[PDB]
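I have placed the structure first, in the form of structure tokens, so that the comments after it can refer back to it.
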Ligand SMILES: O=C(Nc1ccc(CP(=O)(O)O[C@H](c2ccc([N+](=O)[O-])cc2)[C@@H](CO)NC(O)C(Cl)Cl)cc1)C(F)(F)F
Ligand SMILES: O=C(Nc1ccc(CP(=O)(O)O[C@H](c2ccc([N+](=O)[O-])cc2)[C@@H](CO)NC(O)C(Cl)Cl)cc1)C(F)(F)F
């Protein structure tokens, strides 16, 4: 099969810059190479068809070139919404093949997270469970650590962390941390604390709640 | 490439009979096999498409069958106008390929040739050449031998023979034999003889002329 | 608008078969080469096969012959892919896309997530996440919804039926042994909540579950 | 009627190139796959390539890439094949044929004879063939015409400008070193000749020759 090698695998750039992505074919594919942009939770969007032809509706900042075995996608003046994976595809030989893709990430100024702590829902306590949720929203860079403290002691056990993809409008990240306890362990303690850790703020950001207060 | 083996290479049959031609693929071609009839001095005519589908306009005596690697063209009640080459063609894999063909000849009752001898045109003699022509028309089979005799001796040197296609109405053939001499060798002899030889007539058919008589 | 609408996410047992649909509109169906591709989460696309709607002619990736079967229904402009002998490795998102020599793969369906598993569907437990009598006090207020212990993926989460699009962060589901859990947050101006109603809507296709969870000020 | 009309026979020198034409009518050109095939006298057909008239897309036999070039002219429904770097081995008859998934190769052109040679065009010597004072004496009489030493093929032979179709036998040209010779015979009822005029018409396109040879009783 015609193998397509994309480079670089990942690229971090500042909005306003210009970049060029490379797509190599193990053999000639004539002008039958296409470029797609794929956002998470979305289907591929055709950017460039047949090596260099433009598509109605795609921003003029996108342009492609090359033929044979060497191809290039260029974006002059990268915007925030250009975040995503970029794939090249050849329709010259069967079977049709795609490249592994190039992940485009954007640079930004550091941003601290807006932290929010939420105690267990009363409906859940009734069923015997207790999930304490903490949102650390819109921060940059992605490096951020969350720590839980129950009555002042750190608990690692029971924590589920999840991060969103870089935001298309302001280039930040967000994450959620859920501490799952049984209704019994929960009713046995009073203070619940979530703290964000990362060299930006002079130190940690903390959010807490006391079970007793309602 | 997908190789197509046709059999038999040649077949002589009597009108009214039925016959089946074989086409075998080095590998499967699914139902993408077609059959053509080609008459001399003519382009191929599509007889059967996609292994067994009939073409409108084609005589019902033609039918094909098969799949995969084994195919057959069958003609029930062979007629006189069915002489020709029969090719099978596969349109399943690239490059498209054809079989070597099967030459279908019709048997007939022996027929003696109507012989005609023509002495050199006077216009040709003027130019230094002398071609003696002999037409052996509407005979059968094609294995008719022509011999030339000048003043009683046989001359093999200088003979050009040409046969036409089998007749469509009566399966007979025709041929022409031309002996080319220099004006000098011609003026040096008197009797010119052309004789047709073939087991049909109790013996040879002869035609002659004497240069002296005009 | 020109559109390719795919069938819903499906859970299917190993060794079974599925028939995926792709309804089309807005473009000439007859001249379309409808393609089907496979994409495992966080990986590249794999081409499976195409069918020319005009002839019914098909071209398959040799790695999927005897596995996939494409058909087309010209009267309803719908394409179908029948995938058989499913194995857990066939779990992925399946897309249909239209190709034409003059446009490339310009149209794509939204994708269908097919999960091949012996396990049954477990609908999610949806819990409203309201702040306690202590936070908020600002111009912005964050509410949330916990979508816990469901199978298989995916679930869709909207707020106020899509009326509140801004300030929404829906986090990727995390697999916990054999069940998934996900959360979503929405930040609204204090002008909005608690005065007005903020409800999160959670849909879980595989179990035909549709829950609406209003976020009410926690009095308890 | 539905028809594929090809260009005339051509003589070309080695290392040269030709552009063959195939005018079509009677069928939808746009949906046509125009194929071009090579056939050496007394051998099987050789597929060269096809072009889809709708897109201009081409598919070539790897043995003819860099050698052949197909194009189409949708305004005049004509397809072309430009063959380059001709060698004497390229001498053959070239056909164009229409294919459709619906009908196979149903339409074929009449073929174009391409003779790649350095020899020169030589017009034929035309000789009337009349019987001597000795034969004939019967109900039927055979006259003839010798078309000797021409190049290249072909020549056209008719009798009485076509008025005389029955009883005609034109024999295949035979190559003698570098020149062709052919003959034709016509059998008419003694009623017709020598009373009336029997003329054989020979046309040799390549040299713009057109000869009329009346057959007269040989008094000498
Ligand atoms: O008619 C029907 N089905 C049907 C009939 C024939 C085909 C083959 P195709 O798409 O024309 O093949 C093309 C085609 C074939 C031959 C051709 N030609 O001009 O020779 C042009 C196009 C081509 C497509 O890939 N094939 C190849 O390239 C092969 Cl050789 Cl690898 C497909 C489907 C139905 F009504 F019964 F459903
Ligand atoms: O756009 C123009 N011309 C043009 C554009 C693309 C092609 C290639 P195609 O005929 O669509 O390829 C087919 C095709 C390609 C892809 C496809 N698909 O659905 O992905 C369907 C059909 C196919 C034919 O053999 N190719 C292959 O099968 C390759 Cl993969 Cl071996 C040919 C010509 C114009 F600008 F000149 F108008």
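Below, the figures for the structure above:
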{"item": "Identity and axial distance of the chain A residue whose Cβ lies nearest the axis relating A to B, Å", "result": "A:94, 5"}
{"item": "For peptides B:106-117, C:29-40, sequence by mean Cβ density within 10 Å, most packed first", "result": "C:29-40, B:106-117"}
{"item": "Region B:12-102 - percent relative contact order, Cα under 8 Å, separation 6 or more", "result": "36 percent"}
{"item": "Spacing of the two label points (7 Å from each Cα toward its C-beta) at residue C:133 and residue C:66, in nm", "result": "7.0 nm"}
{"item": "Chain A - mean residue ellipticity at 222 nm from DSSP helices (-39,500 (n - 2.57) per run, n ≥ 4, rounded to 500)", "result": "-1000 deg cm²/dmol"}
{"item": "Paramagnetic reach from residue C:178 (point 7 Å along Cα→Cβ, amide N under 13 Å) across region C:78-99", "result": "none"}
{"item": "Ranked packing of C:15-23, B:3-11, most packed first, by mean Cβ within 10 Å", "result": "C:15-23, B:3-11"}
{"item": "Mean separation of Cα contacts under 8 Å, 6 or more apart, over the residue count of chain D: relative contact order %", "result": "18 percent"}
{"item": "Region D:119-217, relative contact order in percent, only Cα pairs under 8 angstrom and at least six apart counted", "result": "34 percent"}
{"item": "Whole-Å distance, taken between Cα centres, linking region C:179-220 and region A:160-214", "result": "19 Å"}
{"item": "Calculated FRET efficiency for the pair residue D:166/residue C:23, C-beta based, R₀ 60 Å, to 0.05", "result": "0.35"}
{"item": "Estimated D of the protein assembly as shown in µm² per second, where Rh is the Kirkwood radius over Cα pairs and Stokes-Einstein applies at 4 °C, 1.567 mPa s", "result": "37 µm²/s"}
{"item": "Number of partner chain Cβ atoms within 10 Å, mean per residue of C:42-48", "result": "6"}
{"item": "Cβ-Cβ FRET estimate between residue B:79 and residue C:13, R0 fixed at 56 Å, reported to 0.05", "result": "0.35"}
{"item": "Copy-to-copy label separations for residue A:147, where each label sits 7 Å from Cα toward Cβ, in nm and ascending", "result": "12.1"}
{"item": "Residue with peak Gaussian network fluctuation, chain A [Cα springs, cutoff 10 Å], from A:158, A:84, A:64", "result": "A:158"}
{"item": "Cα gyration tensor category, rounded, prolate or oblate, for region C:1-41 with a/c compared to 1.5", "result": "prolate"}
{"item": "Backbone N under 15 Å from the residue B:183 label point (7 Å along Cα→Cβ), restricted to region B:104-131", "result": "B:120-131"}
{"item": "Approximate spin-label separation residue B:153-residue C:84, in nm, with each point projected 7 Å along Cα-to-Cβ", "result": "8.3 nm"}
{"item": "Shielding of A:39-47 by partner chains, average beta-carbon count, 10 Å", "result": "5"}
{"item": "Within 10 Å of each Cβ in D:97-104, the average number of Cβ atoms from other chains", "result": "5"}
{"item": "Nitroxide proxy distance, nm - points 7 Å out along Cα→Cβ at residue B:201 and residue A:190", "result": "13.6 nm"}
{"item": "Nm distances between copies for residue D:194, ranked from closest, using label points 7 Å along Cα→Cβ", "result": "13.3"}
{"item": "Other copies of residue D:56: label-to-label distances in nm, shortest first, labels 7 Å along the beta-carbon direction", "result": "3.4"}
{"item": "Region C:1-35 and region A:90-141: distance between their alpha carbon centers, rounded to Å", "result": "29 Å"}
{"item": "Selected from B:70, B:17, B:165 as most flexible by GNM, with chain B as the system and alpha-carbon contacts under 10 Å", "result": "B:17"}
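Each value in this text was obtained by applying a stated rule to the coordinates, not by laboratory testing. For neighbour counting, all protein chains shown are included, and Cβ atoms are generated from backbone atoms with ideal geometry for every residue, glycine included.
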